[PDB]
Amino acid sequence: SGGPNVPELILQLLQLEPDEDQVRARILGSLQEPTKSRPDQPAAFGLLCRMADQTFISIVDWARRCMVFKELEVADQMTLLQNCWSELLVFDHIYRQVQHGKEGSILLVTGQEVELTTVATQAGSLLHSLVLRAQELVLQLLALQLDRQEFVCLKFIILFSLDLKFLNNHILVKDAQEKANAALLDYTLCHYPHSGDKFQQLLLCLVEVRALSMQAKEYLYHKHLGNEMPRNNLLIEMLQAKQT
Amino acid sequence: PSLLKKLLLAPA
Ligand SMILES: CCCCCCCCCCCCCCCC(=O)OC[C@@H](COP(=O)(O)O[C@H]1[C@H](O)[C@@H](OP(=O)(O)O)[C@H](OP(=O)(O)O)[C@@H](OP(=O)(O)O)[C@H]1O)OC(=O)CCCCCCCCCCCCCCC
C-alpha cells in the first residue's frame with residue numbers, strides 16, 4: 001500500500017530516485033546531437049544504442065548518490081556496476097512497463113511507444129523473444145502489485161547482489177545486503193494484504209530478471225561480433241569488462 | 001582509461 005511504517009532505507013531510496021521528466025528530456029537532448037551515420041545501418045539502431053547508454057548514465061548517477069555505495073572506493077564501485085549493469089537496465093525497462101503499461105506496446109525512456117506487432121515483424125527472433133519474455137515479468141509484477149517502495153528496494157538489492165569475495169570492503173557491503181533484504185521483508189510483511197510470500201515472490205522475479213539480463217548481453221555480444229555496435233559504446237565497454 | 005571510471009570520478 002502506502003506506509004505509516006516504511007523501512008528507513010526505503011524512505012531514503014525514494015528521495016534518491018531521479019525525476020522521470022528531466023531524465024527523459026536530458027536523454028532526448030543527448031539523442032539530438034549530430035552523428036556520423038553509417039550507410040549500412042538504419043539510423044534508428046544507433047540512436048537506440050545511445051538511448052540505452054544514456055539510460056545507463058542516469059543509472060550510474062543514481063548509484064553514486066546511494067547510501068553505502070557512496071562510502072565505497074572507485075575499485076569496488078566499478079566491480080558492483082560491472083556485475084549488475086544489464087540487470088539494472090532490464091529492471092528499469094520492466095518497471096517502466098509496469099508504471100505506464102499498455103499490453104499491446106512497450107514504452108521507451110524517450111516517451112515513444114513501439115507496438116509488439118512492430119517488433120514481431122521487424123525484429124529478429126532473439127530480440128523478439130527478449131521483449132516477449134520481459135513482458136511476462138511485467139505481467140507477473142503487476143499481478144504481485146509491485147509498488148514504488150518495493151521497486152527502489154529491489155534496485156538497491158540488485159546493485160549489491162554480488163559475492164563478497166570479489167570486493168575489498170566486505171563488512172560494508174555485507175551489511176548493505178542484509179539491510180536491503182530485511183527492508184524488503186519488513187515492508188512486504190507489513191503491506192501485502194493478500195496471501196503468498198511476496199518477499200520470496202519478488203526475489204524469484206529477480207532470478208528471472210538476471211536470466212533475462214544474461215540473454216540481453218548475448219544479444220549485445222552478437223551485434224558486437226558483427227561490428228554492428230557504434231564505436232565507444234558504453235554498454236559494450238561494460239560487456240567487455242572482466243567478469244567477476 | 002574507461003568511460004565508467006571517468007563517470008564515477010565526475011565532480012557533479
Ligand atoms: C542491457 C539491456 C538494456 C535494454 C534497456 C532498453 C530497452 C530498449 C529496447 C529497444 C527496442 C526497440 C524496438 C524497435 C522496433 C523493432 O523491432 O526494430 C527492429 C530491431 C532491429 O532488429 P534486430 O536488433 O533484431 O536485428 C536483426 C537481426 O539481427 C536479424 O538476424 P536474424 O535474422 O538471424 O534474426 C537480421 O536479419 P539477417 O540475419 O537476415 O541480416 C536483421 O538484419 P537486416 O535488417 O539486414 O534484415 C536485423 O535487423 O530494432 C533494433 O534496432 C533495437 C536495438 C536496440 C539497441 C539497444 C540496446 C539494448 C540491448 C538489449 C535488448 C533489449 C532487451 C529488452 C529488455 C529485457
# chains A, B, ... in the order shown; residues from 1 in each chain; ligands from 1
call {"tool": "closest_atom_pairs", "arguments": {"of": "chain A", "to": "ligand 1", "cutoff": "7 Å", "atoms": "only C-alpha atoms and all ligand atoms", "output": "CSV"}}
result
residue,atom,partner,partner_atom_place_in_ligand_line,distance
A:44,CA,ligand 1,52 (O),6.2
A:45,CA,ligand 1,52 (O),4.0
A:48,CA,ligand 1,55 (C),4.7
A:49,CA,ligand 1,57 (C),4.2
A:52,CA,ligand 1,6 (C),5.2
A:86,CA,ligand 1,1 (C),4.0
A:87,CA,ligand 1,1 (C),6.8
A:89,CA,ligand 1,3 (C),4.7
A:90,CA,ligand 1,66 (C),4.8
A:93,CA,ligand 1,5 (C),5.4
A:108,CA,ligand 1,8 (C),6.2
A:114,CA,ligand 1,13 (C),6.2
A:118,CA,ligand 1,17 (O),5.5
A:119,CA,ligand 1,17 (O),3.4
A:120,CA,ligand 1,17 (O),6.6
A:121,CA,ligand 1,17 (O),6.9
A:122,CA,ligand 1,17 (O),4.3
A:123,CA,ligand 1,19 (C),3.8
A:124,CA,ligand 1,25 (O),3.5
A:125,CA,ligand 1,35 (O),4.9
A:126,CA,ligand 1,35 (O),6.2
A:127,CA,ligand 1,25 (O),4.8
A:128,CA,ligand 1,25 (O),6.9
A:130,CA,ligand 1,64 (C),5.2
A:131,CA,ligand 1,65 (C),5.0
A:134,CA,ligand 1,67 (C),4.8
A:212,CA,ligand 1,67 (C),6.0
A:213,CA,ligand 1,1 (C),6.2
A:216,CA,ligand 1,61 (C),4.5
A:217,CA,ligand 1,1 (C),6.2
A:219,CA,ligand 1,61 (C),6.2
A:220,CA,ligand 1,60 (C),5.6
call {"tool": "interface_residues", "arguments": {"of": "chain B", "to": "chain A", "cutoff": "9 Å", "atoms": "only C-alpha atoms", "output": "PyMOL selection string"}}
result
chain B and resi 2-5+7-9
call {"tool": "write_last_selection", "arguments": {"atoms": "N, CA, C and O atoms", "output": "PDB file, in the first residue's frame"}}
result
ATOM      1  N   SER B   2      38.766   4.349 -18.808  1.00  0.00           N
ATOM      2  CA  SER B   2      37.446   3.830 -19.152  1.00  0.00           C
ATOM      3  C   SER B   2      36.361   4.874 -18.917  1.00  0.00           C
ATOM      4  O   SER B   2      36.497   5.738 -18.050  1.00  0.00           O
ATOM      5  N   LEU B   3      35.288   4.788 -19.695  1.00  0.00           N
ATOM      6  CA  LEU B   3      34.163   5.704 -19.563  1.00  0.00           C
ATOM      7  C   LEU B   3      33.487   5.550 -18.205  1.00  0.00           C
ATOM      8  O   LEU B   3      33.004   6.524 -17.629  1.00  0.00           O
ATOM      9  N   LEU B   4      33.458   4.320 -17.700  1.00  0.00           N
ATOM     10  CA  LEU B   4      32.827   4.027 -16.418  1.00  0.00           C
ATOM     11  C   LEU B   4      33.579   4.681 -15.262  1.00  0.00           C
ATOM     12  O   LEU B   4      32.969   5.206 -14.330  1.00  0.00           O
ATOM     13  N   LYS B   5      34.905   4.642 -15.327  1.00  0.00           N
ATOM     14  CA  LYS B   5      35.733   5.253 -14.295  1.00  0.00           C
ATOM     15  C   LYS B   5      35.650   6.774 -14.372  1.00  0.00           C
ATOM     16  O   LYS B   5      35.597   7.453 -13.346  1.00  0.00           O
ATOM     17  N   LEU B   7      33.177   8.334 -15.317  1.00  0.00           N
ATOM     18  CA  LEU B   7      31.816   8.684 -14.939  1.00  0.00           C
ATOM     19  C   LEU B   7      31.688   8.754 -13.422  1.00  0.00           C
ATOM     20  O   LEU B   7      31.023   9.640 -12.885  1.00  0.00           O
ATOM     21  N   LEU B   8      32.331   7.814 -12.734  1.00  0.00           N
ATOM     22  CA  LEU B   8      32.295   7.767 -11.277  1.00  0.00           C
ATOM     23  C   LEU B   8      33.155   8.865 -10.664  1.00  0.00           C
ATOM     24  O   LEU B   8      32.877   9.344  -9.565  1.00  0.00           O
ATOM     25  N   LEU B   9      34.201   9.261 -11.384  1.00  0.00           N
ATOM     26  CA  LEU B   9      35.112  10.297 -10.908  1.00  0.00           C
ATOM     27  C   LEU B   9      34.647  11.696 -11.305  1.00  0.00           C
ATOM     28  O   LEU B   9      35.343  12.682 -11.059  1.00  0.00           O
TER      29      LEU B   9
END
call {"tool": "residues_around", "arguments": {"residues": "residue A:192", "least_positions_apart": "5", "cutoff": "9 Å", "atoms": "only C-alpha atoms", "output": "list in words"}}
result
residues 1, 145, 187, 197 and 198 of chain A
call {"tool": "write_last_selection", "arguments": {"atoms": "N, CA, C and O atoms", "output": "PDB file, in the first residue's frame"}}
result
ATOM      1  N   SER A   1       0.823  -1.205   0.000  1.00  0.00           N
ATOM      2  CA  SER A   1       0.000   0.000   0.000  1.00  0.00           C
ATOM      3  C   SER A   1       0.862   1.261   0.000  1.00  0.00           C
ATOM      4  O   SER A   1       1.659   1.482  -0.915  1.00  0.00           O
ATOM      5  N   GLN A 145       1.332  -6.882  -7.756  1.00  0.00           N
ATOM      6  CA  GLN A 145       1.073  -5.500  -7.354  1.00  0.00           C
ATOM      7  C   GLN A 145       2.328  -4.792  -6.839  1.00  0.00           C
ATOM      8  O   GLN A 145       2.320  -4.188  -5.768  1.00  0.00           O
ATOM      9  N   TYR A 187       8.819  -4.548   4.808  1.00  0.00           N
ATOM     10  CA  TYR A 187       7.785  -3.833   4.070  1.00  0.00           C
ATOM     11  C   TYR A 187       6.703  -4.771   3.535  1.00  0.00           C
ATOM     12  O   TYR A 187       5.513  -4.510   3.706  1.00  0.00           O
ATOM     13  N   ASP A 197       3.979 -15.494  -0.199  1.00  0.00           N
ATOM     14  CA  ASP A 197       5.164 -14.821   0.311  1.00  0.00           C
ATOM     15  C   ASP A 197       5.664 -13.831  -0.736  1.00  0.00           C
ATOM     16  O   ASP A 197       6.406 -14.205  -1.641  1.00  0.00           O
ATOM     17  N   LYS A 198       5.250 -12.573  -0.613  1.00  0.00           N
ATOM     18  CA  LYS A 198       5.621 -11.555  -1.594  1.00  0.00           C
ATOM     19  C   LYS A 198       7.124 -11.314  -1.614  1.00  0.00           C
ATOM     20  O   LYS A 198       7.708 -11.087  -2.675  1.00  0.00           O
TER      21      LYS A 198
END
call {"tool": "atom_distance", "arguments": {"atom1": "atom CA of residue A:47", "atom2": "atom CA of residue A:80"}}
result
26.9 Å
call {"tool": "residues_around", "arguments": {"residues": "residue A:67", "least_positions_apart": "5", "cutoff": "12 Å", "atoms": "only C-alpha atoms", "output": "list in words"}}
result
residues 8, 9, 10, 11, 12, 13, 14, 15, 16, 62, 72, 156, 159, 160, 172, 173, 175, 176, 179 and 180 of chain A
call {"tool": "closest_residue", "arguments": {"among": "A:144, A:154, A:133, A:109", "to": "residue A:21", "atoms": "only C-alpha atoms"}}
result
A:109
call {"tool": "residues_around", "arguments": {"residues": "residue A:231", "least_positions_apart": "3", "cutoff": "12 Å", "atoms": "only C-alpha atoms", "output": "number ranges by chain"}}
result
A: 35-38, 46, 49-50, 224, 227-228, 234-237
call {"tool": "write_last_selection", "arguments": {"atoms": "N, CA and C atoms", "output": "mmCIF file, in the first residue's frame"}}
result
data_model
loop_
_atom_site.group_PDB
_atom_site.id
_atom_site.type_symbol
_atom_site.label_atom_id
_atom_site.label_comp_id
_atom_site.auth_asym_id
_atom_site.auth_seq_id
_atom_site.Cartn_x
_atom_site.Cartn_y
_atom_site.Cartn_z
ATOM 1 N N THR A 35 25.380 13.052 -35.532
ATOM 2 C CA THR A 35 26.245 11.878 -35.528
ATOM 3 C C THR A 35 26.633 11.427 -36.934
ATOM 4 N N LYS A 36 27.780 10.761 -37.033
ATOM 5 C CA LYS A 36 28.246 10.209 -38.297
ATOM 6 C C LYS A 36 27.503 8.915 -38.605
ATOM 7 N N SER A 37 26.369 9.039 -39.287
ATOM 8 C CA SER A 37 25.527 7.888 -39.590
ATOM 9 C C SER A 37 26.149 6.993 -40.660
ATOM 10 N N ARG A 38 26.367 5.727 -40.313
ATOM 11 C CA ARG A 38 26.889 4.750 -41.264
ATOM 12 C C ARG A 38 25.785 4.282 -42.209
ATOM 13 N N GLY A 46 21.496 2.999 -34.176
ATOM 14 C CA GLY A 46 22.491 3.776 -33.461
ATOM 15 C C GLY A 46 21.878 4.643 -32.380
ATOM 16 N N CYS A 49 20.869 2.496 -29.375
ATOM 17 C CA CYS A 49 22.074 2.172 -28.619
ATOM 18 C C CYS A 49 22.478 3.324 -27.705
ATOM 19 N N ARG A 50 22.488 4.537 -28.255
ATOM 20 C CA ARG A 50 22.809 5.732 -27.481
ATOM 21 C C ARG A 50 21.776 5.963 -26.384
ATOM 22 N N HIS A 224 28.014 -7.081 -31.381
ATOM 23 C CA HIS A 224 29.413 -6.698 -31.221
ATOM 24 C C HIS A 224 30.329 -7.465 -32.175
ATOM 25 N N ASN A 227 30.259 -6.346 -35.787
ATOM 26 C CA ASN A 227 30.637 -4.942 -35.933
ATOM 27 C C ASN A 227 29.443 -4.023 -36.176
ATOM 28 N N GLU A 228 28.339 -4.296 -35.488
ATOM 29 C CA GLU A 228 27.118 -3.524 -35.663
ATOM 30 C C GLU A 228 27.011 -2.395 -34.640
ATOM 31 N N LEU A 234 29.061 2.562 -24.519
ATOM 32 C CA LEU A 234 29.260 2.337 -23.092
ATOM 33 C C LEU A 234 28.883 0.917 -22.674
ATOM 34 N N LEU A 235 27.792 0.409 -23.234
ATOM 35 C CA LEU A 235 27.311 -0.924 -22.898
ATOM 36 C C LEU A 235 28.319 -2.001 -23.301
ATOM 37 N N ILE A 236 28.943 -1.828 -24.462
ATOM 38 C CA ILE A 236 29.954 -2.773 -24.930
ATOM 39 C C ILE A 236 31.188 -2.744 -24.030
ATOM 40 N N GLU A 237 31.511 -1.570 -23.498
ATOM 41 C CA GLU A 237 32.595 -1.461 -22.530
ATOM 42 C C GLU A 237 32.243 -2.243 -21.270
#
call {"tool": "atom_distance", "arguments": {"atom1": "atom CA of residue A:140", "atom2": "atom CA of residue A:98"}}
result
9.7 Å
call {"tool": "residues_around", "arguments": {"residues": "residue A:186", "least_positions_apart": "5", "cutoff": "9 Å", "atoms": "only C-alpha atoms", "output": "NGL selection string"}}
result
:A and (6-7 or 181 or 191 or 199)
call {"tool": "write_last_selection", "arguments": {"atoms": "C-alpha atoms", "output": "PDB file, in the first residue's frame"}}
result
ATOM      1  CA  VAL A   6       8.228   2.234   5.925  1.00  0.00           C
ATOM      2  CA  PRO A   7      11.823   0.998   6.464  1.00  0.00           C
ATOM      3  CA  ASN A 181      16.691  -7.868   2.341  1.00  0.00           C
ATOM      4  CA  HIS A 191       1.823  -4.111   3.485  1.00  0.00           C
ATOM      5  CA  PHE A 199       9.187 -11.226  -0.313  1.00  0.00           C
TER       6      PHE A 199
END
call {"tool": "select_by_dssp", "arguments": {"residues": "stretch 27-181 of chain A", "states": "strand (DSSP E)", "output": "PyMOL selection string"}}
result
chain A and resi 105-107+113-115
call {"tool": "atom_distance", "arguments": {"atom1": "atom CA of residue A:183", "atom2": "atom CA of residue A:153"}}
result
7.5 Å
call {"tool": "residues_around", "arguments": {"residues": "residue A:23", "least_positions_apart": "3", "cutoff": "12 Å", "atoms": "only C-alpha atoms", "output": "VMD selection string"}}
result
chain A and resid 17 to 20 26 to 30 51 54 to 59 61 to 62 109 to 111
call {"tool": "select_by_dssp", "arguments": {"residues": "chain B", "states": "helix (DSSP H, G or I)", "output": "PyMOL selection string"}}
result
chain B and resi 3-8
call {"tool": "closest_residue", "arguments": {"among": "A:202, A:225, A:66, A:139", "to": "residue A:94", "atoms": "only C-alpha atoms"}}
result
A:139
